[PDB]
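Each remark here refers to the structure printed beneath this line.
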Amino acid sequence: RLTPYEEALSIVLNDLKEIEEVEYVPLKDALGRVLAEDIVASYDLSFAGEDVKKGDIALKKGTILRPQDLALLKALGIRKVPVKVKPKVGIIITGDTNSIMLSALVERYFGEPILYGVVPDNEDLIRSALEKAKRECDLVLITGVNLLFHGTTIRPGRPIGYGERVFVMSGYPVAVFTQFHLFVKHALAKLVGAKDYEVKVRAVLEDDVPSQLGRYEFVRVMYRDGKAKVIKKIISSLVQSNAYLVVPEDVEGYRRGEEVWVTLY
Amino acid sequence: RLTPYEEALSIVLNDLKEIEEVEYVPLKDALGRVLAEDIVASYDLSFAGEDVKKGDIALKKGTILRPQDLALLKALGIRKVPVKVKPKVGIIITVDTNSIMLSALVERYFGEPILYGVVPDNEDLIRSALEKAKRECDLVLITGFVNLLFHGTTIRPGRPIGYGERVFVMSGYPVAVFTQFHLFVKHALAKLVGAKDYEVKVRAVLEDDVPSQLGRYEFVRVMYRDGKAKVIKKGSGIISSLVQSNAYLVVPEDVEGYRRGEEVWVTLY
């Protein structure tokens with residue numbers, strides 16, 4: 001009884017509320033951080049007011065601050081910036097490469113990894129580590145709860161579940177990576193109000209893309225200069241790729257030479 | 001008598017030798033650093049080694065380490081990764097938004113920023129401020145002395161830019177400074193650390209006309225989304241065009257401009 005992907009995504013997203021916890025940091029330390037509210041020019045910056053006019057929104061809420069954003073803030077006199085507090089993500093691992101991969105994935109995507117390291121196969125130990133993680137963390141990821149769903153149409157990573165602020169993820173690296181990009185990433189963004197975290201590009205396929213109806217497929221690709229090389233394939237598939245093509249459940253596949261969308265890592 | 005951009009750029013890159021100084025850092029801290037050397041697998045990781053086989057290069061020198069790159073290193077048992085020691089980049093300024101803009105830009109592009117603050121437009125004070133930065137840094141940026149290999153190029157904005165002896169003489173205008181960083185400093189930093197694949201060109205259909213002129217290498221700020229590029233209307237003291245963009249288009253000087261509806265290359269910030 002697999003939950004179609006888009007459906008599953010909406011469940012997880014509808015079950016999470018943007019965190020309203022604001023905190024203030026010096027400009028230097030604001031790079032990469034998510035702007036907690038609109039910034040309104042309090043004065044003006046060639047009959048001037050060209051840059052930004054008093055009362056206009058200089059930067060919007062959920063802006064992932066870049067070097068030029070810091071530059072603007074400075075020009076507006078803002079010494080300390082209001083930024084969202086990083087969602088703490090507990091990382092539990094059951095039995096080891098996922099611990100560091102997920103730690104880095106969550107750092108790259110607005111979160112604060114919290115590493116509970118490994119937990120052996122004992123439903124007791126697992127349960128405590130997990131309940132511990134649930135108390136300490138805004139969101140928890142455990143590798144293989146009242147699950148709003150378990151088992152999905154994604155490939156790989158079908159067995160994924162989400163319930164009560166926790167994702168039950170796979171144990172295979174590429175499946176963990178797929179699960180993060182198709183689920184966790186979007187969850188982390190809604191929690192912090194991040195805007196423009198994904199870049200979609202047009203690419204022409206250098207290869208065929210074998211798929212199958214009924215599966216939402218995550219395909220790894222090396223995207224370069226308007227072209228995508230499908231990585232035939234096992235961590236090497238992720239290292240040899242820099243982007244991903246999705247093949248929905250009603251698309252049987254794609255043919256060498258046609259144009260599609262890939263999303264950059 | 002202006003230097004043409006590409007001629008100018010290869011002058012800077014060819015005068016810079018890759019730093020071969022390495023440091024070993026734990027995996028937890030290796031994210032985004034540049035792998036200093038090819039890593040060959042000591043192990044085998046559906047047949048054995050399908051992932052990586054003994055004696056093969058698992059990761060190439062120059063790789064900007066990503067979450068999965070670190071995961072492969074753990075699999076290979078490399079608790080301490082040989083990474084390049086960040087080039088140190090002195091920032092001298094002659095209020096000021098360039099200090100913090102450049103500092104983040106260098107941070108974003110492989111270097112370690114070192115602030116020397118503002119110095120009076122006093123020639124003596126500039127000379128010693130420079131000399132101090134040359135002693136401590138692999139590269140120096142002065143906004144606002146030097147045996148320059150060129151001074152003034154075809155680029156717009158940021159035309160007066162000069163380079164010589166590890167120092168870029170940069171503009172005082174935010175948009176010119178940003179322009180000069182992406183067209184020159186970013187590349188000089190990459191050459192120094194030996195970074196591979198540090199930029200992404202994408203195809204975009206223009207939502208607007210891109211007016212330019214022959215004789216000038218134009219840096220055009222754009223907002224790229226969903227196969228489309230929106231041209232930002234606005235060096236230049238107006239940093240709002242920098243923030244309302246996420247990519248840039250180059251108009252290479254033997255091109256008068258581009259028209260609405262035409263497809264082009266834009267480079268993501």
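Ordering of the structure tokens sets the chain letters (A, B, ...); residue numbers start at 1 within each chain; ligands are numbered from 1 in the order shown.
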
Would you kindly report the residues of chain B within 8 Å of chain A, using only C-alpha atoms, as a PyMOL selection string? chain B and resi 27-28+31+45+50-52+66-72+74-75+95-98+100-105+200-203+225-227+238-243

Which of segment 53-248 of chain A DSSP labels strand (DSSP E), written as a compact mmCIF listing (two decimals) with C-alpha atoms, in the first residue's frame:
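This is the output file out10.txt:
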```txt
# COMPACT_ATOMS: atom_id res chain seq x y z
CA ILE A 57 11.74 45.78 2.49
CA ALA A 58 15.51 45.57 1.98
CA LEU A 59 15.71 41.80 2.61
CA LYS A 80 23.41 42.32 14.84
CA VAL A 81 21.09 40.34 12.57
CA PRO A 82 17.88 38.49 13.53
CA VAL A 83 18.30 34.91 12.40
CA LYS A 84 16.38 31.68 12.93
CA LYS A 88 18.76 20.55 16.04
CA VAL A 89 18.65 17.22 14.28
CA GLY A 90 19.34 14.13 16.33
CA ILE A 91 21.14 11.49 14.34
CA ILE A 92 20.81 7.89 15.47
CA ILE A 93 22.45 4.91 13.70
CA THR A 94 21.38 1.26 14.11
CA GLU A 112 22.46 21.63 13.64
CA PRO A 113 23.54 18.01 13.63
CA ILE A 114 23.45 16.30 17.03
CA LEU A 115 25.30 13.02 16.93
CA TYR A 116 24.09 10.22 19.23
CA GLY A 117 26.40 7.85 17.36
CA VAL A 118 25.44 4.19 17.01
CA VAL A 119 22.82 2.17 18.86
CA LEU A 139 13.71 16.57 14.44
CA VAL A 140 15.28 13.11 14.61
CA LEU A 141 16.75 10.85 11.92
CA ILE A 142 17.36 7.17 12.59
CA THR A 143 18.82 4.66 10.17
CA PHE A 149 3.28 6.66 6.87
CA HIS A 150 5.77 3.88 6.26
CA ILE A 154 10.57 6.40 -4.02
CA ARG A 155 13.47 4.40 -5.49
CA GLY A 161 8.68 6.49 7.23
CA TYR A 162 7.83 9.73 9.01
CA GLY A 163 6.04 10.13 12.33
CA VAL A 166 11.15 11.62 13.26
CA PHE A 167 12.22 10.05 9.96
CA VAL A 168 12.91 6.35 9.86
CA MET A 169 15.55 6.18 7.16
CA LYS A 200 16.65 23.52 -11.02
CA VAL A 201 18.52 23.48 -14.34
CA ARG A 202 17.67 22.38 -17.87
CA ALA A 203 19.85 19.50 -19.13
CA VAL A 204 20.07 17.21 -22.17
CA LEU A 205 20.59 13.53 -21.38
CA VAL A 209 17.24 6.61 -18.10
CA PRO A 210 15.75 3.19 -17.38
CA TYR A 216 9.18 7.76 -8.06
CA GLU A 217 12.80 7.45 -9.10
CA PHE A 218 15.81 9.42 -7.88
CA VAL A 219 18.50 9.31 -10.57
CA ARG A 220 22.07 10.52 -9.90
CA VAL A 221 23.70 12.66 -12.62
CA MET A 222 26.84 14.64 -13.33
CA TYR A 223 25.56 17.95 -14.69
CA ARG A 224 27.95 20.03 -16.79
CA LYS A 227 24.35 18.21 -20.25
CA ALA A 228 23.69 15.44 -17.75
CA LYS A 229 25.65 12.17 -17.62
CA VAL A 230 23.59 9.44 -15.98
CA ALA A 243 22.72 16.63 -9.22
CA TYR A 244 19.59 14.50 -9.45
CA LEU A 245 16.86 13.78 -11.95
CA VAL A 246 13.48 12.58 -10.72
CA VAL A 247 11.40 10.09 -12.78
```

Could you pull out the helix (DSSP H, G or I) residues of segment 48-260 of chain B, going by DSSP on the backbone, and write them as JSON, numbers by chain? {"B": [67, 68, 69, 70, 71, 72, 73, 74, 75, 76, 98, 99, 100, 101, 102, 103, 104, 105, 106, 107, 108, 123, 124, 125, 126, 127, 128, 129, 130, 131, 132, 133, 134, 135, 136, 174, 175, 176, 177, 178, 179, 180, 181, 182, 183, 184, 185, 186, 187, 188, 189, 190, 191, 192, 193, 240, 241, 242, 243]}

With only C-alpha atoms as the basis for distance, which of A:157, A:4, A:62, A:55 is at the shortest distance from residue 22 of chain A?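 Of A:157, A:4, A:62, A:55, the one nearest residue 22 of chain A is A:62, counting only C-alpha atoms.
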
Length of the atom CA of residue 109 of chain B to atom CA of residue 268 of chain B vector [Å]: 13.2 Å

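Around residue 63 of chain B, within 7 Å and counting only C-alpha atoms, the residues found are residues 34, 35, 195 and 196 of chain B, once anything fewer than 6 positions away on its own chain is removed.
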
Using C-alpha atoms, can you export the residues from the last selection as an mmCIF file, in the first residue's frame?
```
data_model
loop_
_atom_site.group_PDB
_atom_site.id
_atom_site.type_symbol
_atom_site.label_atom_id
_atom_site.label_comp_id
_atom_site.auth_asym_id
_atom_site.auth_seq_id
_atom_site.Cartn_x
_atom_site.Cartn_y
_atom_site.Cartn_z
ATOM 1 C CA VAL B 34 40.018 21.162 -0.856
ATOM 2 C CA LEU B 35 41.506 17.654 -0.970
ATOM 3 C CA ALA B 195 40.075 23.641 -6.631
ATOM 4 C CA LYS B 196 38.093 21.741 -9.275
#
```

Set the distance at 6 Å and use only C-alpha atoms: which residues neighbour segment 38-42 of chain B once local chain neighbours fewer than 2 positions away are removed? I'd like the list as a PDB file with C-alpha atoms, in the first residue's frame.
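In the end it all went to around_10.pdb:
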```
ATOM      1  CA  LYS B  54      42.079  -1.464  -4.410  1.00  0.00           C
ATOM      2  CA  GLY B  55      44.589   0.831  -6.138  1.00  0.00           C
ATOM      3  CA  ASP B  56      42.029   3.081  -7.846  1.00  0.00           C
ATOM      4  CA  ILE B  57      41.689   6.808  -7.153  1.00  0.00           C
ATOM      5  CA  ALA B  58      38.708   7.138  -4.823  1.00  0.00           C
ATOM      6  CA  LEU B  59      38.843  10.981  -4.798  1.00  0.00           C
ATOM      7  CA  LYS B  60      40.839  13.396  -6.965  1.00  0.00           C
ATOM      8  CA  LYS B  61      43.196  16.142  -5.785  1.00  0.00           C
TER       9      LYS B  61
END
```

Non-local contacts of segment 258-262 of chain B (10 Å; only C-alpha atoms; under 5 positions in same chain excluded) as a list in words: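 Final neighbour list, sorted by chain and number: residues 204, 205, 206, 207, 208, 209, 210, 211, 212, 228, 229, 230, 231 and 251 of chain B.
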
One number please: atom CA of residue 171 of chain B to atom CA of residue 159 of chain B, in Å, one decimal.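 Distance reported for this atom pair: 8.5 Å.
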